[PDB]
Protein chains: 2
Amino acid sequence: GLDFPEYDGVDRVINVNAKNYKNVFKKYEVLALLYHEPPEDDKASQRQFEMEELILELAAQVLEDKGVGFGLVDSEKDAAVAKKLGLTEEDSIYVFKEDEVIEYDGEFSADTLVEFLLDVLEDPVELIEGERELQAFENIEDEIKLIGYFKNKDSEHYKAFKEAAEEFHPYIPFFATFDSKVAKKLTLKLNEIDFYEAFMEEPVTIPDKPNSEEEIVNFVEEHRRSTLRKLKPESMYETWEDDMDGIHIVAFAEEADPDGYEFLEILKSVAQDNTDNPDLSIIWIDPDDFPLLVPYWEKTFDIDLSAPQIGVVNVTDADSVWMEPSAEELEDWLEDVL
Amino acid sequence: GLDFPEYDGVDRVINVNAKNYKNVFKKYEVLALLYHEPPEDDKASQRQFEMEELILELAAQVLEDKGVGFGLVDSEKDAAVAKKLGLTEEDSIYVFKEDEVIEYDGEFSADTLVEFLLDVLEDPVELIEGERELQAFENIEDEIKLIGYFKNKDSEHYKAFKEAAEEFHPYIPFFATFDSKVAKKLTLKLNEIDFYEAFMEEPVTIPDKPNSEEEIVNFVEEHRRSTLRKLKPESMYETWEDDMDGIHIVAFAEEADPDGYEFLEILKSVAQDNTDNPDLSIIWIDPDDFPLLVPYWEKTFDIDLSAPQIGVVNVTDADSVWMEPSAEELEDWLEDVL
């Protein structure tokens, strides 16, 4: 009776250094690097480091037959490897998929890291050919998505789109179609790129068609903050550090709970009415995606996370106010505390 | 700008031994113990142990303000503490909620462990009072659930039900109602206990009413294997080791995918037609609940886990056959290979 697969105890995470680094880069397809401060002499410090290495050791085993290497570049001792690579953010992971660098903005857990890298392994523009890929695109809602329509893979404007997708890969989905039947369904004229905001049904089309790469990348950096964003594990620190000037409006709702989902609907209707407003960002957190954190959110905030919640929290003091409702009722309580 | 909470590096996991153990049991409400083989002298062995302790160290920090202690009882060196406690299964976790023992049958990850213990912390019979708790019960489908109706909390038969719930806590949900309005909705006559099989709509009622504890526990051990079971992380090894005589029929379906869910519907209809059959167990795995494992399932089994799949796998050789469909088509292909 054969069982499931466990951690074997074998070390696979590499000590990338001055001797090393050139050869680790040519041995792997995509390579993941924890650029890090050395372990400070005390126990607490070394156990936090003990942990990070062992989470990367798990990701290593799992992603071994797929060509993802993992490495540690020490900030003081491999300082020259850091300089010559573009390793500037201190205890963070950096991913090298064929020369160009992806920064990892999320959760330090073997779970989200492996999903991130699997997404990294994929092609940056995902194609639409026939209605079963179109009604896949149509259903994405929790993220910004762009879609474009071109002549074929050779179109000068599609190479522009595809290079813009690379700069946002894997975090923002870029789709393309060369079928005029999908373009008819989707509105699209030739070389038109429509941008869809997270949780919006209505798209803004990128203006001076046909768009160059720089034009598409200016557009997307200019429209990254959606009105309703979702705290996602692979992004969690990118969305948290984009506070609307010291403040965050945070809504907890379990999308699975009947009551959580109903509140999610109201909240989606609040964002759709004030999306013309730029200062706003409502961050929605589904407690269910962050199990280890909901006892922290429950005693800090002094809320029951079994219920849908809506608050405003001071991004610095961790200080907050929570509401004790309709869209218009949710709006008004937001007017009175802000 | 304050950030999220990290592992502090502080040790909280206890070395439970002959001197220790009596006093660790009176210091904590619920206590979790990894009974374990010592680390074998080599590196591979000690790194696998290095890991388990550090996963329990995370669960420890998280569940610190809730009263769950964590411990290590060595099988050779704390052999007498193991004997006198009922610690017989080798590298496994055992949970002591006020004297009576719960065995942990699942995934060794900080993620599922914390959810398990939070569920452990709850009361074993969950009450139904008014239609918003009834349409909560009505929606549970992936597990066996029992519901009973009594006079009030004092009813001799309810203390029987509640003691049966304790023996299955936290894995099988036991519900009770004292409201005759819910009992009318649910069918129930007084002190009637209805058993609902996983993914079945129709309940078997426990026979010689009113049921004693032993009668309710005989019933449930006799009806644990549902026709359609779900590989759940908190249970994964309990459901895998209940092979239907060397074999398992395993279906992959992403419940979120439009196509995965449609296959889930067909599969639910196959189980509902052959549930009168006892040898059958179809295990359904949603790949999305096991991210670290789907590259293993994809190259072993040589299947695309993006698609719904249905196979038969030899529980020992890991050898398998997979189908290249309607309920009747799914039945027939199951008749030809078995």
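Below, each value reflects all heavy atoms present in this structure, side chains not excepted, and no hydrogens, waters or symmetry copies. Order of the sequence lines sets the chain letters (A, B, ...), proteins ahead of strands, with each chain counted from 1.
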With a 4.5 angstrom heavy-atom cut-off, is it the side chain or the backbone of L113(A) that approaches chain B, or both, or neither?
neither
Side chain, backbone, both or neither of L293(B) within contact of chain A (heavy atoms, under 4.5 Å):
side chain
Looking at chain B, which one of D317(A), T316(A), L58(A) has the largest number of heavy-atom pairs inside 4.5 Å, strictly under?
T316(A)
Using only non-hydrogen atoms and a strict under-4.5 angstrom cutoff, which residues of residues 234-259 of chain B touch chain A?
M236(B), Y237(B), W240(B), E241(B), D259(B)
With a 4.5 Å cut-off on side-chain heavy atoms, are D65(A) and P295(B) touching?
no
Which portion of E53(B) sits near chain A, non-hydrogen atoms under 4.5 angstrom
side chain
Residue-level contacts of residues 1-12 of chain A with chain B, using a heavy-atom cutoff under 4.5 Å:
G1(A), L2(A), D3(A), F4(A), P5(A), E6(A), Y7(A), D8(A), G9(A), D11(A)
If you count heavy atoms of other groups shown closer than 6.0 angstrom to CG of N139(B), is the number above 12?
yes
Please flag which part of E57(B) lies under 4.5 Å from any non-hydrogen atom of chain A: side chain, backbone, both or neither.
side chain
What option among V62(B), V114(B), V315(B), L292(B) has the most heavy-atom pairs under 4.5 Å with chain A?
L292(B)
Using a 4.5 angstrom heavy-atom cutoff, name the option from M51(B), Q135(B), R47(B) with the most pairs to chain A.
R47(B)
Go through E52(A), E50(A), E115(A) and name the one with the most non-hydrogen pairs under 4.5 angstrom from chain B.
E50(A)
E126(A) CD: over 12 foreign heavy atoms closer than 6.0 Å:
no
Can you confirm whether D41(B) is buried at CG, in the sense that more than 12 heavy atoms of other residues, nucleotides or ligands lie under 6.0 Å from that atom?
no
